[PDB]
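Residue numbers (UniProt numbering), protein chains in the order written: chain C, 1 to 584; chain G, 2 to 455; chain E, 3 to 453. Here a beta-carbon is modelled for each residue, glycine too, at the ideal position from N, C-alpha and C. Read the structure below first, then the notes.
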Amino acid sequence: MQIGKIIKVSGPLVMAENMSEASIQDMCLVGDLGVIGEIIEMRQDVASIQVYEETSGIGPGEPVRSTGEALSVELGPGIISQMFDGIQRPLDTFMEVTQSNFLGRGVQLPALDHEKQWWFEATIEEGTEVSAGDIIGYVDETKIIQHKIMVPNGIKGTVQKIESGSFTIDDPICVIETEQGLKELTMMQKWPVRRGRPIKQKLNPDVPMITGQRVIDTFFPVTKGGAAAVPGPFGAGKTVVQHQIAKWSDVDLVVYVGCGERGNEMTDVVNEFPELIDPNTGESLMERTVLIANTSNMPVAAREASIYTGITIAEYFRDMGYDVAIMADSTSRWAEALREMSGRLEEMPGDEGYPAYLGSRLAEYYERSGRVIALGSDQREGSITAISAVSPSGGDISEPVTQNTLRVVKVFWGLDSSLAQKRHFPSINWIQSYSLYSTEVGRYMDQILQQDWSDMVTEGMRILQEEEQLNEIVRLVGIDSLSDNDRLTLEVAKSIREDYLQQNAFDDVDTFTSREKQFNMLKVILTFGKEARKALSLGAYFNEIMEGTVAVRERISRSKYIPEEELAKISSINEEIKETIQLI
Amino acid sequence: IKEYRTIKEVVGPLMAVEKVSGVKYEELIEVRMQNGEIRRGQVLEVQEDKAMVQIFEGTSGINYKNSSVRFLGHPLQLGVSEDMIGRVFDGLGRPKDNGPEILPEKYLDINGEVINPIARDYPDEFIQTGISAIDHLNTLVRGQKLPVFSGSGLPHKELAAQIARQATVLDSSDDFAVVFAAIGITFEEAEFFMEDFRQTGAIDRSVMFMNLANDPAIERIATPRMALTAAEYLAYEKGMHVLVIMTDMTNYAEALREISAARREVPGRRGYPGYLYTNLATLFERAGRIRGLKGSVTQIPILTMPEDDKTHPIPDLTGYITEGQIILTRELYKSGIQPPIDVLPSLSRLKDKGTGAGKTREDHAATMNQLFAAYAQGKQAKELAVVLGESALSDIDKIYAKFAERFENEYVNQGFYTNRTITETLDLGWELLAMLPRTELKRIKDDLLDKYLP
Amino acid sequence: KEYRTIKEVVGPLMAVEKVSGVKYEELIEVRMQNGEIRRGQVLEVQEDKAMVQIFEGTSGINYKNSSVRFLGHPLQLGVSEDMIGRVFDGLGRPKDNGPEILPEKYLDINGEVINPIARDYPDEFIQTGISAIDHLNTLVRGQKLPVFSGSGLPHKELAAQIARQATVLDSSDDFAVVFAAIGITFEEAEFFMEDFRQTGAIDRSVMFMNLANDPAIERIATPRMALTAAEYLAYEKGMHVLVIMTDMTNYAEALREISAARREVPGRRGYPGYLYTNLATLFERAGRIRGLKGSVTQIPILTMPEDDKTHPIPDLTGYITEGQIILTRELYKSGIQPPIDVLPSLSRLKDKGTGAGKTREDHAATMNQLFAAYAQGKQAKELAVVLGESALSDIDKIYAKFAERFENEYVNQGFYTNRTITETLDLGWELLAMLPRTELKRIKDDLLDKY
């Protein structure tokens, strides 16, 4: 090999000579300590290296060895149920080899366990030609998820020898012919972390993702492969909301990424994640979850590469044909990591100090996610739905991180701390929140249900906007001047935001509402308001229609707690309303 | 052409090539790496035998010793041809769709040439966009630069698609075409355009340049010049009425500051480059009529106002080069108004050139000022109603208030797939004027009231 | 080994050639021509040349006859078990006359990042010393609870108050306090000097001092010296450590002095751009370690410039400090001490501290009712002044009669009274004398009858 010699150490900048063979954006071990860095620029043989860890103790003369590879991640069996650090270093394995509580500088170790024996079940037959992305076999990594071992990119030919058995991630299990010669490929593979995975073609994300939460799935939904932003201020309970989206989502894999998060907050996610039970299987949620955790005081480049590590891992599971969901919390701290690296490189300041390419970096992130067609000779489909938590500057959404995020995402769930103080959970504002998928989800919802769902959510949203106008009127003229007809709009909106929007994440019956039960719950409340308006048109007032139907309205509040197995009660409430109100 | 294997320095997207001769400024290069990967590039600076180049795809994974640079000897060009109609291209003009590659009649630089001031002709004829807010109150004229100001998340992509479908010239002896230039938009917006243009058959009348948001920043800057080059070719050489629609122009400015920050250049207002006014003028002034030529170029640039602010540099400088604006407000979009066009702050400086008898009916300007003044008092009474209740509103104040409500839900709100002819728009304007008593209609002449007022 | 190859002396920085083996951020030692010796560290090293910054400046240094010694080690701190009872300055050397403390080893003051796997959650209540803290805003071992203050407010008396009245319920003399003074005048320095010793709480604490007229580099090292000693006693000797820092505004001021003098582009408000990232390296030094005994807890004291939270100094801490303790000047110039407003000041970890054993069950419910009775009582006083005493009903009149009465006893408990936790709940029921039975609906009603 060729080993360079350091000639200058100035903070995070390290320059070394005799690095002619090395290339740009390649990782390398710096100094006697072996700290990892990244070659940013190269002037003849001398190259400037951007170290990731602290350089206290590095000096001229110490060697530098180029790894010959950019920042990459290992993709194979043994990645599920792991705790990574942004550069894909298992913190549990890290603690076993280092035998210390603190993170040690200069430590390099493989991500996946190259010693664990996995059983490979070959499904491809000998003599069949293969392309990039073709599946040669599967491995049951967990009881919930099968790991599809597939042909790496840039390998074409016919397979000569392939057999099933028990091998590790380094043992060659298949040999394919190439123009260069025979090529033995293991069941694991690397891939650059700042470069998306090739696909056949990207498709429009139109299938709505069943999140289970009634406020999302009805008014502000997100399709499979769509994006969504979350403010999550203090006390709004975004920690409970993220878990509900991580448990009752029909996605096959969940990738939680923490990009520069507070340590105390981070150790909560570490603890409360293997506790979440799977709805169907009942096992721990870590059987389908790859976690990445970065502390705030951790190296800056690790906090920047964290968002790129999870999205690259999610693309690997997406190529296998699974629907993946990556949770980014908190993408605001990742933006502050760029603001630190930009200052370390003396770059031109942009808005509020953030770099001028902050929007391009965000665009590159969300554009890699989505419903696509993976590579192969069978055209299988995968999807990556992106959910991100944007920490504002004290609640104000004028931060450049949120504005550049909303220009590339189509869903925004506005968490309001004022609703949390009003015992309204999930504390999501229903006026500032929006979703540019409701028009597309309305077509899908009207098809499978065969009902008129697009016109029900529209009217239910209208009486919530009319509620906002009548709220300021009540606070201005009072309650003696409001119209009688407009009183029902306030009484059905009160019966909507309480009997439908309010959802308890800990109640075993209310924590999840099936897609069919959402329609039955929305119809009963809407039909109650439509049957009361038509009755109001002729000789009817509120003292007799509201105080005479108290037994019916009390029944609607308990309709959300109806068992999902039968759900026979809610359908019987519709015809029951028209019987009691017609007698008046 | 010979290959150059002398790469002295590689500093970021820039790259130093030495021992070269005959290299010109802004000419294209091709870089061959150890792997064999091909990457386009452009010369940013050349002195003596040294040469500085900028790579589009990036600089990651390039070894200076075992790489080479090919100098194509030409700048950024576009192979113009009459067969480009009905085809989708990328940012620089390569066939993005899976169609047969065109045979270029000629190659033209994307910068073009400046129009001779004495050769440019005045705008005269009127372009029917099929939208009542843009055909009646803020008329569009052949050769006018009339932009659309929108907000982030507002339905400006449906509006730009609708105009591209409905734009037409009321003359038989003419060829109409649309040059739709997508600038740094997401895949979902790009999929919406390409699918809608083929769904309605508007692609048969359009030339689309789709540039994605993850595409390199250089292609985002070259996308307008690319489309405008094909626009001037179809209009001034093939004699066609060309309508240019640009989206998003805010992404274009976001790409300039990203480039200006890499060039270490001094920033101007709000960090944007000081030459933003001129770089935008280079694009917006590539339109208009020319004496003796039947073709014309009309531009409708769509831009998103950051923070919904009009005083922002991007919307402000555009107003100094364009002849008006079409404002899209979230308040109208909250009430389902489609398109959410607020006619109060919108304006067309050249609207008087394409109105009146022979270009429209005789009551175009009259009903325009009456509807505008009536809709003003209507929203003035609506805003006055929230402050002191509905009791303080007079009889006419309640009539104008009901006028402003119907003027939004029945006149402005027409739907993104409703192509109103110019006669339907004028006849509908008289139907809403029927709400007001004949005494309120002071500007309209008595002879016009006796002829059109129902 | 002495180097005489000084080439350039430009401002605080200095250039040395003809060297080898020098590493980055290595501590050096300069011998001047007049015998006087000054210390510095390496800012950058290029080939044989090196750039160093002298701590005491370069005033009166002859480059030719002066000498430079490279110590071969970064900025370290000599730790020992008997540091408790000794006063040190910012660099970690003995401030006042004491016996020579022979350290056990030398640790890097920049600390080591704790693996988030080995980071344990904080779930134990600690004595907060003042009824306003023990109830409205409890603090947990391993919590970053700052106290926002202003210039002229009695926060230095409040800081010294916690130095005595804070302890662990189960104490085997292991509990210690690491008080770090950052850029305070001599009169404020001597105040902590006479208080700690004359009260008998200096033999249970390690205090690092820093004169106001001291090199700004020492104010940067003062917190890292304290947190290094805090991690030594807690993670190597198993002790419960409470860290106090005053003042943190002087720390950011000293960090801005260094940044501006080292030729760097400033950020907003003139403070450096890497200020938030630098503060996160200090507040993340607290918490519990999985499978370990002892913990490090920090209570940073900082004065708010112009008393505005939009300022970056109070705001950037909000991104990393769980909650806050607001000291308002409106309660100053009155008998209330410590002047504490429980309206903006919040704590995010009162749940883990409130529970069986560490606290009692009624502590949580009484806190929620006290916070409601306070906001309703203060809202009644503001309404009686503006809208007149006639607009307030009989319920609204008796509500404000206790907002003021509680501020004299609950908020004002004295700066030297211990007011042990047991005495805080007992008089808690004495506080709601004429609160009506209807008003106790938010709290559990069985707890009221039980107590």
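Contact set for residue i: own chain, Cβ-Cβ below 8 Å, skip 5 residues either direction
i: residue 417 (chain E); result: 156, 159, 160, 163, 339 and 340
i: residue 357 (chain G); result: 363, 365 and 366
8 Å Cβ cut-off: residues of chain E touching residue i
i: residue 95 (chain C); result: 117, 119 and 120
i: residue 268 (chain C); result: 123
i: residue 63 (chain C); result: Those within 8 Å of residue 63 (chain C) in chain E number zero; the least Cβ separation is about 14 Å.
i: residue 345 (chain C); result: Here the premise fails: no neighbours, minimum Cβ distance about 12 Å.
CB contact below 8 Å: residue i versus chain G
i: residue 183 (chain C); result: no
i: residue 483 (chain C); result: no
i: residue 156 (chain C); result: no
i: residue 27 (chain C); result: no
i: residue 204 (chain C); result: yes
i: residue 70 (chain C); result: yes
Residue i: contacting residues in chain C (beta-carbon distance under 8 Å)
i: residue 268 (chain G); result: 348
i: residue 452 (chain G); result: Those within 8 Å of residue 452 (chain G) in chain C number zero; the least Cβ separation is about 40 Å.
Cutoff 8 Å: residue i Cβ touching any chain C Cβ
i: residue 354 (chain E); result: no
i: residue 315 (chain G); result: no
i: residue 112 (chain E); result: yes
i: residue 253 (chain G); result: no
i: residue 386 (chain G); result: no
i: residue 66 (chain G); result: yes
i: residue 259 (chain G); result: yes
Contact list for residue i against chain G, beta-carbon separation under 8 Å
i: residue 408 (chain C); result: 187 and 214
i: residue 460 (chain C); result: By Cβ distance, chain G contributes nothing, its closest Cβ being about 14 Å from residue 460 (chain C), past 8 Å.
is_contact[residue i, chain E] using C-beta, thresh 8 Å
i: residue 361 (chain C); result: no
i: residue 132 (chain C); result: no
i: residue 92 (chain C); result: yes
Amino acids of chain E, ordered along the chain, whose beta-carbon sits closer than 7 Å to that of residue i
i: residue 83 (chain C); result: 119
Rounded Cβ spacing between residue i and residue j (contact assumed at less than 8 Å)
i: residue 444 (chain C); j: residue 484 (chain C); result: That belief does not hold up - the Cβ atoms of residue 444 (chain C) and residue 484 (chain C) are roughly 39 Å apart, past 8 Å.
i: residue 15 (chain C); j: residue 65 (chain C); result: The Cβ separation is near 15 Å, so there is no contact.
i: residue 144 (chain G); j: residue 298 (chain G); result: 7 Å
i: residue 142 (chain E); j: residue 242 (chain E); result: Actually they do not touch by this definition, with Cβ atoms about 12 Å apart.
i: residue 168 (chain C); j: residue 116 (chain C); result: 7 Å
Beta-carbon proximity list for residue i, same chain, < 6 Å, skipping 5 on both sides
i: residue 156 (chain C); result: 131
i: residue 44 (chain C); result: none
Under 9 Å from the C-beta of residue i: neighbouring residues of chain C
i: residue 272 (chain G); result: 348, 349, 350, 351 and 356
Interface residues of chain G facing residue i [CB-CB closer than 7 Å]
i: residue 477 (chain C); result: 390
i: residue 209 (chain C); result: Result: empty, since nearest Cβ-Cβ is about 15 Å, beyond 7 Å.
Chain-ordered neighbours of residue i on chain G, where CB pairs are closer than 9 Å
i: residue 264 (chain C); result: Those do not exist, as residue 264 (chain C) stays about 34 Å from chain G at its closest Cβ, beyond 9 Å.
Contacting residues, own chain, Cβ-Cβ under 7 Å from residue i (five flanking each side not counted)
i: residue 12 (chain C); result: 50, 51, 55 and 344
i: residue 133 (chain C); result: 150, 151, 319, 374, 375 and 376
Can you list the alpha helix (DSSP H) stretches of 4 or more residues lying completely in the segment 368–409 of chain G, in chain order?
-> 396–407
Any chance you could list the alpha helix (DSSP H) runs of at least 4 consecutive residues sitting entirely within the segment 255–289 of chain C, in chain order?
-> With a minimum length of 4 residues, the continuous alpha helix (DSSP H) runs that stay inside the segment 255–289 of chain C are 263–271.
Quick one: which unbroken beta strand (DSSP E) runs of 3-plus residues sit fully inside the segment 218–284 of chain G? Chain order, please.
-> 242–248
In the segment 154–201 of chain C, which residue ranges form an unbroken beta strand (DSSP E) of at least 3 residues, counting only runs that do not cross its ends?
-> Within the segment 154–201 of chain C, the complete beta strand (DSSP E) runs of at least 3 residues are 157–162, 165–167, 174–177, 182–185 and 189–192.
Just list the beta strand (DSSP E) runs in the segment 121–157 of chain C, keeping only unbroken ones of 3 residues or longer that don't cross its boundaries, in chain order.
-> Assignment of beta strand (DSSP E) within the segment 121–157 of chain C, counting only whole runs of 3 or more residues, yields 135–139 and 147–150 in chain order.
Continuous beta strand (DSSP E) assignments of at least 3 residues falling wholly in the segment 216–248 of chain C | 227–230
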